[PDB]
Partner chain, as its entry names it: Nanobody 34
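In structure tokens, one chain follows: the form solved without its partner chain.
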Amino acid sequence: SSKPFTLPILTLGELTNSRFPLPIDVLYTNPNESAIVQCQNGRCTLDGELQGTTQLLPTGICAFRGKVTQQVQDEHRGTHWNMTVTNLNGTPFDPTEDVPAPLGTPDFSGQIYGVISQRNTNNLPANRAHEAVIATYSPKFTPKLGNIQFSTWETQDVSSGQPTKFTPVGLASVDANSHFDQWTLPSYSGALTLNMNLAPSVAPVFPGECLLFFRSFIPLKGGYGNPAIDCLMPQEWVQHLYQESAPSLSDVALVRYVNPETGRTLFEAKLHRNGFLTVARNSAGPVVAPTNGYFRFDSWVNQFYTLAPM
């Protein structure tokens, strides 16, 4: 009688990343990854429980809302601005809630590039927008405490006490001094303080298995690089699972990547209860798969199930 588990019917070209507002470009593996994988956006259990900083809006991923309170010039170039942040729905962020940070807060170390825009509260309001960068590794990045900093090239035209939106676009840099690491969590309350209420880390537990990611290439403001952001599940999956809230019948679901044309299965994967995929693959890099393919739920299995090798 339990509601059957399902995934949406969506090709890679119909999916978007749950960790940054980007389309999914390729499926991807990296077996030799030395880092602990514990991202906080795109986290949802198979029975529909959102975790980490995950919320449902594609427009909310790596977004901030708040007001500017302080202008501090950089030593050499640019200007820093303190921003008090609210929840994305505009209500005050309550730091006593059991979340790591306001929902949508970025979940990686780096310099995030985007646009800060403002519409004044006070017969038509005045507006302004400028390019902006948020350094999530900065000691001033303390979203769990209700405050962050962003920097601009613009030196003066940011207003205080006025509603402010950050729309993310890409990364500002991937140079050594910009500290881009997609698997390093920001310190949500500042450097000396432990992050709290985190979605759990994910890993394969069967020899020969590795994580399977939905990879998107992220725009760069300048420099050399081909940076990517890998998510455990696309945003449409998070949205689907939340809607469905189907009971999980074991800790591991078997899914098949199918070509609808031929009806052929290209490979199978384990979809784990906590909301991530593993496959039996001994290499790194993109999965080369037809454009019409998608994952279909097959059955519930267990941690001891042996995946057909890719």
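Numbering follows the first chain given and starts at 1. The term rigid core refers to the maximal set of C-alpha atoms that superpose within 1.5 Å between the two forms. Residues that one form lacks are left out of the comparison.
The same protein also has a form solved in complex with its partner chain, omitted here; what follows describes it.
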| item | value |
| --- | --- |
| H179: touches its partner chain in the deposited complex, heavy atom cutoff 4.5 angstroms | yes |
| Any non-hydrogen atom of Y242 within 4.5 angstroms of its partner chain in the deposited complex | yes |
| Contact test in the deposited complex: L185 vs its partner chain, heavy atoms, 4.5 Å | no |
| Contact label in the deposited complex: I148 to its partner chain, heavy atom within 4.5 Å | no |
| The unique member of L212, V158, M233, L103 whose heavy atoms fall within 4.5 Å of its partner chain in the deposited complex | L103 |
| Contact set, 82-119 vs its partner chain in the deposited complex - heavy atom within 4.5 angstroms | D94, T96, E97, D98, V99, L103 |
| Sole member of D74, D181, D175, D94 with a C-alpha shift of at least 2 Å between this form and the one not shown (core-superposed) | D74 |
| Stretches between this form and the one not shown where the CA atoms of at least 3 consecutive shared residues shift 2 Å or more, core fixed | 72-77 |
